[PDB]
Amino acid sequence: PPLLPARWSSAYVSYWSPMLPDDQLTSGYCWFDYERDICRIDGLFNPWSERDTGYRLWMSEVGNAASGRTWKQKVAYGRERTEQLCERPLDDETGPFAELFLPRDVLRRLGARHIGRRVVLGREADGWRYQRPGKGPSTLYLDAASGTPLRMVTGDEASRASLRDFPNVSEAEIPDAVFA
């Protein structure tokens, strides 16, 4: 069971299997620096009920596993009738952060098994299935050559699951300012 790359950043595409009528397809960008033990994710939050809250949330989250504190910048997009979107930002938020969203050693700590191989985003990929504890199964697809992440499946794709795709992973230097 392999590690993830020491640092990576990618656009991401986030969706569901199956796609139910109120499921959203979204995008953003994310950064994971495992040396600093820190990540950042910018995008429209998925899932988020506009039905129950009255709005769609855009979020930028900086999760610092070294200090155990996350920081969130938030904007709300509400629907009004005059039919328009009403932008309002919410308070910044902090709270506990036990580990990164994908810990570098996740496949070793949760005892992943190799389920086989799948073409994902036009690349050949290793499927690594592992059980989140008291939460359910997950599959992480790693590029079967470079070892960088292609797709993150949270749940069982055969019944119900979140999917996050990473189409342009860069393993390059991340400037300090990104995690300011």
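Quick note: we count residues from 1 along the sequence shown, nothing fancier.
Participant: According to the entry, how many residues of the deposited sequence fall between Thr82 and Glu83 and are not modelled? Options: none, 1 to 3, 4 to 9, 10 or more.
Facilitator: 1 to 3 residues lack coordinates between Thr82 and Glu83.
Participant: Test of understanding: from the entry's C-alpha B-factors, which stretch has the higher mean, 151 to 159 or 134 to 142?
Facilitator: Stretch with the higher mean C-alpha B-factor: 134 to 142.
Participant: Grab the CA temperature factor for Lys74 from the record and place it in the lowest, middle or highest third of its chain.
Facilitator: CA B-factor rank for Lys74: lowest third.
Participant: Lowest, middle or highest third: which one holds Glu87 when the chain's residues are ordered by CA B-factor from the entry?
Facilitator: CA B-factor rank for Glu87: middle third.
Participant: Is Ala112 in the lowest, middle or highest third of its chain when residues are ranked by C-alpha B-factor?
Facilitator: Highest third, going by the recorded CA B-factors of the chain.
Participant: C-alpha B factor of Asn46, ranked within the chain: lowest, middle or highest third?
Facilitator: CA B-factor rank for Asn46: lowest third.
Participant: Please say which third, lowest, middle or highest, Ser17 falls into when its CA temperature factor is compared across its chain.
Facilitator: It belongs to the lowest third of the chain when residues are ordered by C-alpha B-factor.
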